[PDB]
Amino acid sequence: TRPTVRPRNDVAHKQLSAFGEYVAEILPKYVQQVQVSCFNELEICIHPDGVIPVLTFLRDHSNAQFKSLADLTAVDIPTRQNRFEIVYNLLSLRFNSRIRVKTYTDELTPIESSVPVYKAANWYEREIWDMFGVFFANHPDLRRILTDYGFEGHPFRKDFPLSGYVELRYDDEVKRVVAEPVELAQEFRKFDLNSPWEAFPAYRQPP
Amino acid sequence: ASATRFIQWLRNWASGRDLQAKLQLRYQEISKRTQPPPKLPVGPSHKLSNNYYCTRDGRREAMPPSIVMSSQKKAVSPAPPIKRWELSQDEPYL
Amino acid sequence: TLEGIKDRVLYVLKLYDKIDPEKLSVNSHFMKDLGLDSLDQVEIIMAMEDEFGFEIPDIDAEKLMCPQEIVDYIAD
Amino acid sequence: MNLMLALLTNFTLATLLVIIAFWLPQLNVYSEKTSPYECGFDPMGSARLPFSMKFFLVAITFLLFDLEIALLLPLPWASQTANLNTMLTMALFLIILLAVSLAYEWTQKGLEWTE
Amino acid sequence: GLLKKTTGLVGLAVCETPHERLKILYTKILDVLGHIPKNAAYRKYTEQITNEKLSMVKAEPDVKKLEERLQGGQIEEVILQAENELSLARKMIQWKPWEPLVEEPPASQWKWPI
Amino acid sequence: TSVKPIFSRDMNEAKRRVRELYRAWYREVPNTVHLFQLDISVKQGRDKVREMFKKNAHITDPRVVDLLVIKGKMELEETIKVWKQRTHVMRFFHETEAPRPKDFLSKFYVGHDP
Amino acid sequence: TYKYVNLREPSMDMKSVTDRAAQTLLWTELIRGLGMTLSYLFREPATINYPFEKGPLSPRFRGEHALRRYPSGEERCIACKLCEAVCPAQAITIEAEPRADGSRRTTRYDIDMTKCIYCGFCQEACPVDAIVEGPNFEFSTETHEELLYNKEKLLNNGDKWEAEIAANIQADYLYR
Amino acid sequence: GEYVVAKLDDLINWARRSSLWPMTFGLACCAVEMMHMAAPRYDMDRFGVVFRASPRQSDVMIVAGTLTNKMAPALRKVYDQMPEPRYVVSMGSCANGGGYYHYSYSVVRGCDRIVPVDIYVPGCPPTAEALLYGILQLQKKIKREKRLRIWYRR
Ligand SMILES: CCCCCCCCCCCCCCCCCC(=O)OC[C@H](COP(=O)([O-])OCC[N+](C)(C)C)OC(=O)CCCCCCCCCCCCCCCCC
Ligand SMILES: CCCCCCCCCCCCCCCCCC(=O)OC[C@H](COP(=O)(O)OCCN)OC(=O)CCCCCCCCCCCCCCCCC
Ligand SMILES: CCCCCCCCCCCCO[C@@H]1O[C@H](CO)[C@@H](O[C@H]2O[C@H](CO)[C@@H](O)[C@H](O)[C@H]2O)[C@H](O)[C@H]1O
Ligand SMILES: CCCCCCCCCCCCO[C@@H]1O[C@H](CO)[C@@H](O[C@H]2O[C@H](CO)[C@@H](O)[C@H](O)[C@H]2O)[C@H](O)[C@H]1O
Ligand code: SF4
Ligand code: SF4
Ligand code: SF4
């Protein structure tokens, strides 16, 4: 018990590993990877076709009972062929446990809407569509939720610029708010912070 | 604190409490605004020996995730079922 | 009212200004002779819905490519 | 006369105040300033569109109850009659029938607003 | 044991005959699982946990004691879970997730960091 | 080269969706000018609709077309339900933009941008 | 553990029933609520008499920025740019060069006070206590441009407020 | 002549600054410190400052928080719907110049791109007392107006 180091909990690591292979055994059609992190978080990585079967099994199965959808988000990784990682964070009140389910898609491929599994997903999927452009099929009412009406682009994409492409002001001539190409009085200053020396050997990637 | 006895009585009766014992205006029961200097303690790693950083480096004990299954016997649940909460003995019914 | 159908249809096409009324003929093809594009054709079809007052589903609409074809469709 | 004088003064003063209010201040009128208010965003449709009344049945019953008072307001004068035996019976009769009508509408859910 | 007046959860009505209702639902689940292939892990695992729950219901006639044994909250919560499991079993027949993986991911689809 | 469709399985199916959207936009312009009290004409608005459809006439991916129609339908829903304000509707006309000459010499005089 | 906030079945004895009928008809619980606001009417109000009376602050208060000096009058800032790097709002802009005597000093030190989040990170990062957030919070202006501070403004703030700034730093530096 | 209009300015100015009614209009964090200025310790009402929800019955707009592009047309609308004279107080870094979201694609870099601003109150958020300083600074601005004196000399 060193004061500055986070303690490691191995009973949970074993419990999550056991349930991880339990899920993989039951749903081999869709499960591609199962892993447990060093802070004890189980992640299931699945084929996108299995969004509804996997989530439904986790919600309803007596040994799962993940009744609460904590969060549904996406991550943009431009280097990947399927750049968008879709992340479901589920909570089980019965077993006081959490699980993360991950799938993927690209710009032109839709994902089945999980609203039929969790009604919480309605606005989460609207946010993912609005900020990343990932279309969800058979969504009850898909449309922008966070951006301005008529806004073009998906800001949370890595290739979308931080300050966007347009900006607003009030023009007295036309007596309304107008949109114009963005010019900044002070450009945002890019900082190169990365140290040129490796920090974490344990995560080194083979050459 | 300057209220007269009659007014103290009146607002006590109207409220139904003894308002004077727990006034909401602060007087001289608060800490002084000039305090003596502190002398704060140091942490466990303030040693001159037996203190090599490589024995107390949390970031370097972090490891990548354990791959349980990669596509490259009894049933289990994620954890034991949660115990049912017990009612409070302090005040079970508000 | 078959006789009046032909007259009404050509009345619509006269209003539409993308086409020359002297170039116009009951057999002239919208895309070929008249030089119109697809959207232009869609606009013409909408103008007929307003006139004869009934829907012209897209499956039907794309076939109607000459003034004569429209009058034939109206008959039903 | 006095009453007519009093009413004229009251509404004459009110009109004078409105006149002053409209011609004293400096005005700057333009379209956006005078556009209909609705929390910063343009109104969606006309405010002249029909506005459903959920208490419509209570509103009609008010018309019938609002005429009971005309029949009952003479009661202080009626109490001066020689024929008090007939009075009290008829006064109590009207109020009871008014109470019965209220009970009927109440028990038949006429006072519940439509959803 | 005297019947409850409330389950404590809004919208979850108190069940008058929990033991019989559970036996009906557990039997139905076992009937539905008979149409799944014997080698499917869903069948073997769901049958196992189902038979353990059904055995408890048949051996404990007291609703309080039975709730303590099932460890699933109020007995009406257990009935709801049984209904949810039965709903899943029917869906799994259409999905057939015991089939082999539909598709491998691209080479570095799950590699992190890049 | 086998991918999951969005709606239309091929260009012919996609184009039908485009024309259905175009009709809806064409029919809505008179209401938009009336409802938003725009000073433009019904012709000016309909010309703008044509211009927005014409700039995407070179697409040959049925999936890219389906997304354009999806965004067009959402764009129309905001207008009809008056979620957009007049500022949002008039952003299509860039009324406060000083025209930017597109010839080499005019660009050469004004700055370094190509 | 848990407790029930609203799960009590009221008693049905004629005294308790009659007590509640009196409550319904005589408005006793609404009268009781009137007693509470009456009691407040006769309490001394908590209002202070601003600007003649001020609210209490602490030596850690994060207010208007100022650039400080050494007792000799030399500037403490050595253009290390640690404050500019840590600024979460990118509100700091710095340029530096060797001074006429070779000293490492800034020729630009701007704080855009309409970008700043008054977070105090800059005074944590500074290794020489050059940039601080002083105790002044009453510097609202009539124009936006007046809130774009350059080095001359910030140095004047340091000279203006140094007497108080030094005393506050003296009271709190042992917690840092 | 000069003496009468001089006193008349003093009167209309005194009435306008002694009876300042801000629009009930807050945007984000800074609206919390606006509440604390209405709370007992500072009691804005004692200066004659009273919140009123309707723009028609408001004299001051206190822009208290971040102005996004989506909100910008609405803020301009309710400002235009105030009768004159009207004043705008820009409260906090976000309203003053975008602040900590200055470089965001969805934020207006200062509410003075949308409305004219009389007073800028710095801080993130300005303390309740700092806002009260700004309101009293706006009052002293109104005390210096010379509407009739200038009219007389036209
Ligand atoms: C309970 C009842 C309470 C009633 C209270 C009534 C107010 C009592 C205090 C009155 C003091 C005087 C108020 C003057 C305010 C004028 C508004 C203003 O500031 O505008 C600036 C203007 C100055 O405008 P300007 O000429 O400098 O420029 C205007 C153009 N732009 C906007 C481009 C700058 O003042 C005036 O124009 C004239 C000042 C008149 C002052 C004397 C009042 C006479 C007005 C008579 C109007 C004629 C119609 C009769 C109306 C009935 C009158 C009783
Ligand atoms: C000899 C034979 C004699 C025959 C005659 C004998 C008659 C004596 C007995 C008559 C009954 C006495 C009470 C009469 C008053 C009316 C009582 C009443 O109406 O109360 C009920 C009413 C509704 O309450 P609620 O519980 O919500 O509804 C019932 C639930 N289904 O409750 C309410 O009205 C709620 C009111 C809410 C608003 C209150 C705000 C003001 C409260 C403070 C005012 C205090 C009183 C001030 C009086 C001023 C007088 C000048
Ligand atoms: C659904 C229909 C419901 C109908 C309900 C009608 C209720 C009526 C109840 C009876 C009301 C009057 O009841 C009657 O009042 C008169 C007083 O005015 C009384 O009469 C008494 O006082 C009068 C004068 O005041 C004397 O002249 C008389 O000698 C004396 O008997 C009667 O003794 C009493 O029986
Ligand atoms: C002579 C004057 C004085 C006599 C009183 C005259 C008015 C009598 C009013 C009607 C009284 C009986 O008729 C009334 O019917 C409704 C049926 O919807 C009953 O029941 C209803 O009332 C209450 C309040 O609406 C609800 O909480 C309840 O859920 C509902 O069942 C009332 O409890 C009863 O009071
Ligand atoms: S207080 Fe924070 S935001 Fe302001 S200048 Fe310092 S570091 Fe930057
Ligand atoms: S103010 Fe301090 S931290 Fe900033 S550049 Fe100067 S010495 Fe460095
Ligand atoms: S200025 Fe600061 S407190 Fe005010 S809204 Fe912006 S971030 Fe929040």
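Chain letters run A, B, ... following the sequence lines, proteins first, then strands; residues in each count from 1.
Within 6.0 Å of NZ on E:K96 lie more than 12 heavy atoms contributed by other residues, nucleotides or ligands. Open room surrounds CZ on A:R6; 12 or fewer heavy atoms of other groups in view lie less than 6.0 Å from it. By the 6.0 Å contact criterion, NZ on E:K91 is enclosed, its count of non-hydrogen atoms from other residues, nucleotides or ligands being greater than 12. Remark: F:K4 NZ is packed, more than 12 non-hydrogen atoms of other residues, nucleotides or ligands lying under 6.0 Å away. Enclosure of atom CG in A:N194 is not indicated, since only 12 or fewer non-hydrogen atoms of other residues, nucleotides or ligands lie within 6.0 angstrom. Few gaps surround CZ on A:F151; more than 12 heavy atoms of other groups in view lie less than 6.0 Å from it. Counting non-hydrogen atoms of neighbouring residues, nucleotides and ligands closer than 6.0 angstrom, the CH2 atom of E:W98 exceeds 12 such neighbours. Dense packing is recorded around NZ of B:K73, with more than 12 heavy atoms of other residues, nucleotides or ligands lying under 6.0 Å away.
Across all non-hydrogen atoms, the minimal contact from H:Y101 to H:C94 is CD1-SG, 3.8 Å. Closest approach of A:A74 to A:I86, counting heavy atoms only: CB-CD1, 3.7 Å. The two residues B:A75 and E:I49 make their nearest non-hydrogen contact at CB-CG2, 3.5 Å. Summarising the geometry of A:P110 relative to F:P5, their closest heavy-atom pair is CG-O, 3.8 Å, with the distance given to 0.1 Å. Nearest heavy-atom pair, H:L27 versus H:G65, reported as atom, atom and distance to 0.1 Å: CD1-O, 3.5 Å.
The closest donor-acceptor contact from the side chain of E:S108 to the backbone of E:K111 lies at 3.5 Å or more, if one exists at all. A donor-acceptor pair under 3.5 Å is absent between the side-chain atoms of A:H139 and the main chain of A:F136, judged by distance alone. One N or O on the side chain of A:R189 and one on the backbone of G:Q90 form a donor-acceptor pair closer than 3.5 Å. Of the possible polar contacts, none joining the B:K74 side chain to the E:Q48 backbone as a donor-acceptor pair under 3.5 Å is found. With A:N40 contributing its side chain and A:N9 its backbone, the two residues share a donor-acceptor pair below 3.5 Å. The main-chain N or O of A:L91 is never found under 3.5 Å from a side-chain atom of A:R98 such that the two would form a donor-acceptor pair. Proximity of a side-chain donor or acceptor of E:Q94 to a complementary backbone N or O of E:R90 within less than 3.5 Å is detected. A:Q65 places a side-chain N or O within 3.5 Å of a backbone atom of A:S62 that can act as its donor or acceptor partner. Checked by atom type and distance alone, the side chain of A:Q35 never pairs as donor or acceptor with a backbone atom of A:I44 at under 3.5 Å. In this structure a side-chain-to-backbone donor-acceptor pair under 3.5 Å is missing from E:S87 to E:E83.
Between A:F57 and A:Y22, the ring planes lie tilted relative to each other; the angle falls in the 30° to 60° range. Below 30°, between 30° and 60°, or above 60°: for A:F19 and A:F66 the angle between ring planes is between 30° and 60°, a tilted geometry.
Looking only at side-chain heavy atoms (C-beta outward), F:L21 and F:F53 come within less than 4.5 Å of each other. Side-chain contact between A:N122 and A:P140 is present, with at least one heavy-atom pair separated by less than 4.5 Å. Counting heavy atoms from C-beta outward, A:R126 and A:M131 have side chains that stay 4.5 Å or more apart. Taking the side chain as every heavy atom from C-beta outward, A:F84 and A:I77 never approach each other to under 4.5 Å. Side-chain atoms of E:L80 and E:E77, non-hydrogen and from C-beta on, never get closer than 4.5 Å to each other. Using a 4.5 Å cut-off on side-chain heavy atoms (C-beta onward), G:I117 and G:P88 make contact. Taking the side chain as every heavy atom from C-beta outward, H:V107 and H:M71 never approach each other to under 4.5 Å. Using a 4.5 Å heavy-atom threshold, the side chains of B:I67 and A:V34 count as separate.
A salt bridge does not link F:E13 with F:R17: every distance from a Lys NZ or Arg NE/NH1/NH2 to an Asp or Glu carboxylate oxygen is 4.0 Å or more. A salt bridge links F:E78 and A:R144; the closest N-O separation between the charged side-chain nitrogens and carboxylate oxygens is under 4.0 Å. Between E:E85 and E:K53 there is no salt bridge, since none of the side-chain N atoms of the basic residue sits less than 4.0 Å from a carboxylate O of the acidic one. Note on E:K38 versus E:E47: no salt bridge recorded, every NZ/NE/NH1/NH2 to OD/OE distance being 4.0 Å or above. Taking the charged nitrogens against the carboxylate oxygens, A:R8 and B:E61 have no contact shorter than 4.0 Å, which rules out a salt bridge. Using a 4.0 Å cut-off between a side-chain N of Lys or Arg and a carboxylate O of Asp or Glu, F:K84 and F:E75 qualify as a salt bridge. Between F:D66 and F:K71 there is no salt bridge, since no side-chain nitrogen of the basic residue lies less than 4.0 Å from a carboxylate oxygen of the acidic one.
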| field | Intermediate values then yes/no, side-chain hydrogen bond (donor to acceptor under 3.5 Å, both in side chains), A:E25 and E:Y45 | value | CA-CA 10 Å; A:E25 291 156 26; E:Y45 283 136; 2.5 Å; yes
| task | Take E:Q81 and E:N84, measure what side-chain contact (heavy atoms from CB on, under 4.5 Å) needs, and give me the verdict at the end. | result | CA-CA 5 Å; E:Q81 187 42 59; E:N84 284 323; 4.1 Å; yes
| message | With side-chain contact (heavy atoms from CB on, under 4.5 Å) as the criterion, how do A:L27 and E:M92 come out once you've worked through the C-alpha distance, each side chain's angles and the decisive distance to 0.1 Å? | response | CA-CA 10 Å; A:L27 310 154; E:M92 299 281 295; 4.1 Å; yes
| Would F:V65 and F:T60 satisfy side-chain contact (heavy atoms from CB on, under 4.5 Å), going step by step from the backbone distance to the final call? | CA-CA 8 Å; F:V65 171; F:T60 56; over 6 Å; no
| task | Show the numbers, then the answer: is there a side-chain hydrogen bond (donor to acceptor under 3.5 Å, both in side chains) between F:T79 and F:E28? | result | CA-CA 9 Å; F:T79 311; F:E28 187 51 27; over 6 Å; no
| query | Run the side-chain contact (heavy atoms from CB on, under 4.5 Å) check on B:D57 and B:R59 step by step: do they pass? | reply | CA-CA 6 Å; B:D57 182 351; B:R59 291 189 305 161; 3.8 Å; yes
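How far CG of H:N69 is from CD of A:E167: 8.5 Å, rounded to the nearest 0.5 Å. A distance of 3.5 Å separates CG in F:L76 from CD1 in F:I80, rounded to the nearest 0.5 Å.
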Enumerate donor-acceptor pairs with a distance under 3.5 Å from any side-chain N or O in residues 153-160 of chain A to protein atoms, sequence neighbours excluded.
from   : atom 1 : to     : atom 2 : distance (Å)
A:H154 : ND1    : A:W129 : O      : 3.3
A:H154 : ND1    : A:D130 : O      : 3.2
A:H154 : ND1    : A:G133 : N      : 3.4
A:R157 : NE     : A:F132 : O      : 2.8
A:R157 : NH2    : A:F132 : O      : 3.0
A:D159 : OD1    : A:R83  : NH2    : 2.7

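Residues E:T7 and E:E76 bring no donor and acceptor atom of their side chains to less than 3.5 Å of each other. If you check the side chains of B:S71 and E:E104, you find a donor sitting under 3.5 Å from an acceptor. No donor-acceptor contact under 3.5 angstrom links the side chains of A:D106 and A:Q81, judged on distance only.
Centroid-to-centroid, the aromatic rings of A:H47 and A:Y30 stay 6.0 Å apart or farther. Taking the six-membered ring for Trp, E:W110 and A:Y104 have ring centres closer than 6.0 Å.
With a 6.0 Å cutoff to the six-membered ring centre and a 45° limit on the axis angle, A:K102 does not count as a cation-pi contact of A:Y88.
Partner of C:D58 under the side-chain hydrogen bond (donor to acceptor under 3.5 Å, both in side chains) criterion, out of F:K15, F:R16, F:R19: F:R19 alone.
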